[PDB]
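okay, here's the opening piece of the assembly, coordinates as they are in the complex:
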Amino acid sequence: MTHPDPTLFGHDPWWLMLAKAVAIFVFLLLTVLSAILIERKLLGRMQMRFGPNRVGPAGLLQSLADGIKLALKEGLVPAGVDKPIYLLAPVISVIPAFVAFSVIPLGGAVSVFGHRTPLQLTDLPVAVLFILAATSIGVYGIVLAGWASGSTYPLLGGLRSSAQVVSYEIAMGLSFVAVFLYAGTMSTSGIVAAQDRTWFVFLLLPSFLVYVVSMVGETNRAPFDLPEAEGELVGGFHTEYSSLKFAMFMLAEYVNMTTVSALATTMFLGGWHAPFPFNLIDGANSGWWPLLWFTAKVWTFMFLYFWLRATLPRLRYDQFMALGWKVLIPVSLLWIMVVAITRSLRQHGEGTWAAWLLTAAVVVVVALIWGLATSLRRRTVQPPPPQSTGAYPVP
Amino acid sequence: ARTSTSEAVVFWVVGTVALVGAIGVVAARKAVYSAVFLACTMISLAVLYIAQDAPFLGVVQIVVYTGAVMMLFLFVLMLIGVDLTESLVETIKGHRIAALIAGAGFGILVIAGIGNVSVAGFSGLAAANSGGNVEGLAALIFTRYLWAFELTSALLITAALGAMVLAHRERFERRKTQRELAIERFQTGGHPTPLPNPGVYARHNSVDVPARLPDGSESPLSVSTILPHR
Amino acid sequence: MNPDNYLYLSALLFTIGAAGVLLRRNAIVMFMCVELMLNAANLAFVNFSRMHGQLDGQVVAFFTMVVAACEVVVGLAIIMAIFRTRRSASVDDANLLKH
């Protein structure tokens, strides 16, 4: 009822919660070590390459090889950097990334060695916003790495990280609201339980889209990989970083990818419930299979990430922020209002009045957004005048 | 009234962080350091709120003040400087000592007024948080404190109006577009087509290096206007 | 650990915040110190609300945070106008009105 379920959470023996934390840590490490190689190979395929396929069998060790190489590489500390913050920034990026994933439901209750415990490190009454807070703290690593490096390109990268926050933070916060509204809680276990009837992706599609866009932004992934923007700022904020400090920045980014995709699964795709083809199968939602389904959904989001990288340029961060404040925020806010009214009407028996509203509202939005797209702006044309430099005649 | 020794440990470490962060906010001579210290203090106070049976308040603290300190850091970079190390030297005769005395006295007096209070009855918050901390906050905010919640909208609107009136710059001061710049007697190219590059010398190729004219003099145009020669 | 300790911390934080507003010229630093005072008030509210077994003080902390955000934004607007005119964010420079 009142999630977190008090009969499941907060009763682990010290060793068992230690082991669950360790397992989550190792799972995130292996997930990142996978995502690296899988992303490179999938990008290769999307570009008709093979990607890494030599280092170790089938190229398995390539991510591990890169990690160990960065470990074995000289630890640079450039002069002209704020040494303390220059060394802290990777830590500030890493710690919150790992912390956020604590309240992610990787499964339902299971009886490990007699102890009935969740396949989830823990859960909080405000878990979703706790993840949001951890991710927000994580951006300080990016910004302070940019600033403390004392070089123009890292400085610009860090400023782009600040702008990135200004773009995605409010959109993400608003996107959470509709899920809270249909769930009646902020715990992730409660949000998954509330999705037994149906996944909120079908119900809260606008919220899902806004959250996913703000997500791709939050992790600094293409087409919003602006803080790095190798094509503009060379290496962005992680210029001036080498070896395990750069490796920590990138591991933090990939763990943020994993955390936000796991949240997306948790609060829009039934969390760990088996998809439809296995929904009818006995015990598909029990034992360890929920872990498989959760990882499958998370990795579909990972695929979406890689696919975005392989098929889109990167916006200018001003364009992205204009997206966030002119499309994402208005759409999320109006969706929150529409969904609230819809639920109030359904609870008041109005019935059709809600359906007429809901369908109409999006229909209106889909128009006015196109208005800001083609039908009213961003699709105009002009001319110009010549100067005194004896210009030719344009046919 | 003594809360669990775990809460004691949490308070001690986190409040140490918070107090040091406030002290650094006041004392750090680089404004960015002061911003980071403020972020630390806000994070610590959020942790304390969580520890005091106030989860939602602490989490919102972390979120909103992450945002706020990010913006304050941006404004430090804009208006103060990127790594400017302020003097913090008393400019008002004896003001520093007077401020230290007044602050210390006010702190001592406030501590004296607070004195021992918890010994007079400390009703735990369990009866309140039961049913949902956020649920209780919603009950209060939209039932008893509905009027204040409504007036927060007035606060928001006034902030927006102030920002627009004092910060937003209308057409008159709008910067010219690249499109606009290329035009007007072919600006930026008719004129020194692309201004001459800074000179390249053995042992010196930085942007601050002025280029050499045929007679051997240094071309003023090669080095940007803002640089202090070389 | 006596819960009253929190209040002392709050009292300290507010005090430091106060001292900051008196000691630091940079308007942004003054704003952060004001934020410190407001957050100390929030801490006092949270502790007292815990003491009285009600969420009232926790609610009040929200409104204090809202007021802090609006105050900071207004101060930023005023400082932006002043900085445009003067290119300096020091409070001591705004000394024309006196005596």
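Great, that's in hand. Residues are numbered from 1 along each chain as shown, chains lettered A, B, ... in the order given.

what about residue B:132, distance to residue A:173?
According to CB to CB, to the nearest Å, residue B:132 and residue A:173 sit 20 Å apart. The way it works is simple: take the backbone N, C-alpha and C, and place the C-beta from them, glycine included.

again, but for residue A:6
As judged by CB to CB, residue A:6 and residue A:173 stand 28 Å apart.

go on, residue A:158?
Distance from residue A:158 to residue A:173, by CB to CB: 22 Å.

return the residues in contact with residue 25.
As the question left the chain open, I've gone with chain A. residue A:98 (CB atoms under 8 Å, 6 or more residues apart in numbering or on different chains).

look at chain C instead
B:86, B:91, C:90, C:91, C:92.

where's the closest residue to the last one other than its chain neighbours relative to residue B:106, distance?
Closest residue to residue C:92 apart from its sequence neighbours, by CB to CB, 6 or more residues apart in numbering or on different chains: residue C:25 at 5.1 Å. When CB to CB is applied, the distance between residue C:25 and residue B:106 equals 21 Å.

next one: residue A:162
From residue A:162 to residue B:106 the distance is 35 Å (CB to CB).

so between the two, which is more surrounded?
residue A:162 (22 against 15; other CB atoms under 10 Å in any protein chain shown).

touching, that one and residue B:67? I think so.
No: under the criterion of CB atoms under 8 Å, residue A:162 makes no contact with residue B:67, lying 10.1 Å away.

is chain A contacted by stretch B:189-198?
Yes: Stretch B:189-198 comes into contact with chain A (CB under 8 Å from any CB of the partner chain), by way of residue B:190.

which helix of chain B spans the most residues?
helix B:5-27 (DSSP state H).

check contacts around residue 61.
All of this is about chain A. residue A:55.

hm, I was asking about chain C
B:49, B:54, B:57, C:42, C:45, C:46 are the contacts of residue C:61 under CB under 8 Å, 6+ apart.

show me the contacts for the first one.
Neighbour list for residue B:49: B:55, B:57, B:58, B:61, C:42, C:43, C:46, C:58, C:61 [criterion: CB under 8 Å, 6+ apart].

go ahead and add chain D:
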Amino acid sequence: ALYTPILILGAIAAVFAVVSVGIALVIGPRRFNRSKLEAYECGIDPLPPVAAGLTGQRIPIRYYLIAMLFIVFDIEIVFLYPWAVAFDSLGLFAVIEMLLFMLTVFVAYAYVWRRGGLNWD
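Adding chain D to the chains above:
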């Protein structure tokens, strides 16, 4: 309680990250070189130690207005979470209250937008 698992995961992460930075600084070659330690400037000599008279001391951002608006909007949007979670318990009264509040926020937003506040970045 109920948070000590989060603390264990945070401790694991912090030990991992601090030891990671320590390994970065400790493992692998280390050789002092003034050129290596100088700022990266795409291969060009970085400016004199006194970067310049004035110079990059202060970085204008073209979205100061949106940053200011972000402060207030981000804080003001947190009222929705308790309202969202308490929905179906507060009743139509709270629905109307938040609809009015969100209309006030919308008026603020529309004033900012239609008056070009969101345009300069």
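
please look at the contacts of residue A:25 again, because chain D has been put in.
A:98, D:9, D:12, D:13, D:16 are the contacts of residue A:25 under CB under 8 Å, 6+ apart.

just those now: which is nearest chain C?
residue D:9 (24.8 Å; CB to the nearest CB).

is it true that the closest one touches residue A:102?
Yes: at 4.7 Å, residue D:9 counts as touching residue A:102 under the criterion of CB under 8 Å.

any shared contact partners between the two?
A:21, A:24, A:121.

burial of the last one, as a residue count?
I take that to be residue A:121. 25.

so it sits in a helix?
No: read with DSSP: H, G, I helix; E, B strand; the rest coil, residue A:121 is coil and lies in no helix.

OK, contacts around it?
Residue A:121 neighbours (CB under 8 Å, 6+ apart): A:17, A:20, A:21, A:24, A:101, A:102, A:103, A:104, D:5, D:6, D:9.

pull the residues that contact the longest helix of chain B.
B:2, B:33-34, B:36-41, B:43-45, B:47-48, B:51, B:88, C:1, C:5-6, C:9, C:12-13, C:16-17, C:19-20, C:23-24, C:29, C:32-33, C:36, D:1.

next helix or strand past that helix?
helix B:31-51 (DSSP states H and E).

buried set for the longest helix of chain B?
Buried residues in helix B:5-27, counted by 16 or more other CB atoms under 10 Å in any protein chain shown: B:7, B:10-11, B:14-15, B:17-19, B:21-27.

and the angle from that helix to helix B:31-51?
160 degrees (axes from the mean of the first three to the mean of the last three CA atoms, to 10 degrees).

CA atoms only for helix B:5-27, dumped as PDB, please.
Output of helix B:5-27 as PDB, limited to C-alpha atoms (Å, rounded to 0.1, in the frame of the first residue of the first chain):
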ATOM      1  CA  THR B   5      23.500   7.600  17.700                       C
ATOM      2  CA  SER B   6      23.400   7.000  14.000                       C
ATOM      3  CA  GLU B   7      21.600  10.300  13.700                       C
ATOM      4  CA  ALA B   8      24.300  11.800  15.900                       C
ATOM      5  CA  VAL B   9      27.000  10.600  13.600                       C
ATOM      6  CA  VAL B  10      25.100  11.900  10.500                       C
ATOM      7  CA  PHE B  11      24.600  15.300  12.200                       C
ATOM      8  CA  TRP B  12      28.200  15.600  13.200                       C
ATOM      9  CA  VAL B  13      29.700  14.800   9.800                       C
ATOM     10  CA  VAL B  14      27.100  16.600   7.700                       C
ATOM     11  CA  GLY B  15      26.900  19.700   9.900                       C
ATOM     12  CA  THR B  16      30.600  19.900   9.900                       C
ATOM     13  CA  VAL B  17      30.400  20.000   6.100                       C
ATOM     14  CA  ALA B  18      27.700  22.600   6.300                       C
ATOM     15  CA  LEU B  19      29.500  24.800   8.800                       C
ATOM     16  CA  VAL B  20      32.700  24.600   6.900                       C
ATOM     17  CA  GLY B  21      30.800  25.300   3.700                       C
ATOM     18  CA  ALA B  22      29.200  28.500   5.100                       C
ATOM     19  CA  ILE B  23      32.600  29.600   6.400                       C
ATOM     20  CA  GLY B  24      34.100  29.000   3.000                       C
ATOM     21  CA  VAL B  25      31.300  30.900   1.400                       C
ATOM     22  CA  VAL B  26      32.200  33.900   3.600                       C
ATOM     23  CA  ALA B  27      35.900  33.400   3.400                       C
END
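
onto the same structure, chain E please:
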Amino acid sequence: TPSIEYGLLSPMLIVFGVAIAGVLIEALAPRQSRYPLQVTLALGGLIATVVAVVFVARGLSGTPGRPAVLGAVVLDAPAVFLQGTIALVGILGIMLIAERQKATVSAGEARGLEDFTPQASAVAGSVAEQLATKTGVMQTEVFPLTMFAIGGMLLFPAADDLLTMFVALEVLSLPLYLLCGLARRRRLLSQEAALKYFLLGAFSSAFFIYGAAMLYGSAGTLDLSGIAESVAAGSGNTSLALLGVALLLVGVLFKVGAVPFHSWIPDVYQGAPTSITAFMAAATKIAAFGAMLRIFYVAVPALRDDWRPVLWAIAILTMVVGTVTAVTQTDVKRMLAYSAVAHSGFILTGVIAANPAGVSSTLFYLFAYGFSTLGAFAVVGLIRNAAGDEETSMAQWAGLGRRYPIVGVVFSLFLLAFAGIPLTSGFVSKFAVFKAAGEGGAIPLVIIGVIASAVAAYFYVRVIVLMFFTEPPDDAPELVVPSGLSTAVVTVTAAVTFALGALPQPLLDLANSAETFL
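Let me add chain E to what's already shown:
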């Protein structure tokens, strides 16, 4: 479900809805039509607010009052009195604010006589500011902001709990912080005034909230009546109650401008737009003193023996430092600022009375003094240097009355009212507060206020000397009457200051009937 007394909350709701509508007018109305609507929307709204209040006054005829929002708002006789006063003062202030430039040859007439810079975001004296002035653009956003302030100042007396008072204090302060920096001329001084007022107001509000925290800790509630029950019941922490009262008093005294906290007022009143100066010097004093009356007569009466001695000292200082510092002030605007500082202490004397006569006298004092101060600041706004800058140096005022006998006489009436000479509302006003203080056991304050008024009469009188008894200098400032709105403000204000001094029993019966809080 909650029950909302819409009929009760009607005035504040009307003002805040009007402010929101004005922001809408800014958002989606074309430039040329913005000002005509705003001044239409604002004034009417306030007039409507005034109307609402009187009906609410009829509503409270039988019962003493009522809470509205489950506490947090109580419309009682003092609350409706203060809200009506603030509504009238807001109408006058917006008539001052809406005054446009005196169209001379060009159509660039744009809300400049209101003294508002065409584009406050521009560097003062920049080509952009000059071009905006030539094009006659005005930042009409002023009208909503002002309205918001009034809204807050309407609530701040009527707030029935600490949270609502704090929110209202911020809601009224932030608009004034912004407005103080929009002056059309001496833009450097206006911007400095805005910065000072923001910094010190944020400081005071931090103290206010921390004191609210202490009061809540002592009482276990933040509804004022609950705090009174706790402190009277002796159940709460007495030390925390006292510390919270003191810290809250710090903020409210800043708002009214007591000497320990008055330092902002001289600079802010000098540098702020003259229209906004006139508006604030009345409205903010009224709202702050209303809230302080509520706190000291509802929230914490039982601790009188504990907080009486403090206010005493403050009042003493307020009357002395406020008046003595004005004796040798040489700028008219700054002199009126110190006059307001002194009259804050005069009000505080009748607050110290802690008796119903105290409340009645305080309400009358606020009404009459707010009107008089608004009129005096409007007049000070009418006087112009040859360059257009509001001539405020007293020397340039020599022979001003002789050149302009009507305005000279009106301003002399306002000065005499501030001094409290009989036949002016200022006398009746100071007499009422002093009578309450003496009847309340604070006769020594009456004596000190007598002495302070004797000292202040000097600087009130030197200005009349300059106007009438001196021949105008070679470069005497001219009187610009920008629009009939300012004339109406001056006439209504002076007529009030005079009638309410000769035959004050009207509105004094209403002050008496407003002697009790809910």
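
please look at the contacts of residue C:25 again, because chain E has been put in.
Per CB under 8 Å, 6+ apart, neighbours of residue C:25: B:86, B:91, C:90, C:91, C:92.

state the number of residues packed around the last one.
Using other CB under 10 Å, residue C:92 has 11 neighbouring residues.

contacts only, for residue D:66.
A:166, A:321, A:325, D:117, D:118, D:121.

mind listing what's buried along whichever strand or helix holds it?
Per DSSP H and E, residue D:66 falls inside helix D:64-77. With burial defined by 16+ other CB under 10 Å, the residues of helix D:64-77 counted as buried are D:64-77.

how much distance is there from that helix to the middle of the chain?
From the chain centre to the centre of helix D:64-77 is a distance of 12 Å (CA atoms, centre = their mean, to the nearest Å).

ok, now how distant is residue A:98 from chain D?
3 Å (CB to the nearest CB, to the nearest Å).

what residues does that residue make contact with?
A:25, A:28, A:255, D:9, D:10, D:12, D:13, D:16 are the contacts of residue A:98 under CB under 8 Å, 6+ apart.

secondary structure class for residue A:3?
coil.

how about it, nearest residue that isn't a chain neighbour?
residue A:190 (3.0 Å).

pretty sure that neighbour is touching residue A:8, no?
No: in this structure, residue A:190 is not within contact of residue A:8 by CB under 8 Å, at 11.6 Å.

which one's more surrounded, those two?
residue A:190 (24 against 17).

separation between the closest residue to residue D:2 other than its chain neighbours and residue A:122?
Spatially, and ignoring its direct neighbours in sequence, residue D:2 is nearest to residue A:10 (4.1 Å; CB to CB, 6+ apart). With distances taken as CB to CB, residue A:10 is found 8 Å from residue A:122.

neighbour-wise, which of those two wins?
residue A:122 (29 against 16).

wait, that one touches residue D:1, no?
No: the criterion here is CB under 8 Å, and residue A:122 misses it with residue D:1 at 9.8 Å.

what's the closest residue to chain E within the stretch 51-200 of chain A in contact with, if anything?
Residue of the stretch 51-200 of chain A nearest chain E, by CB to the nearest CB: residue A:184 (18.9 Å). Residue A:184 makes contact with A:190, A:194, D:85, D:86, D:87, D:88, D:89 under the criterion CB under 8 Å, 6+ apart.
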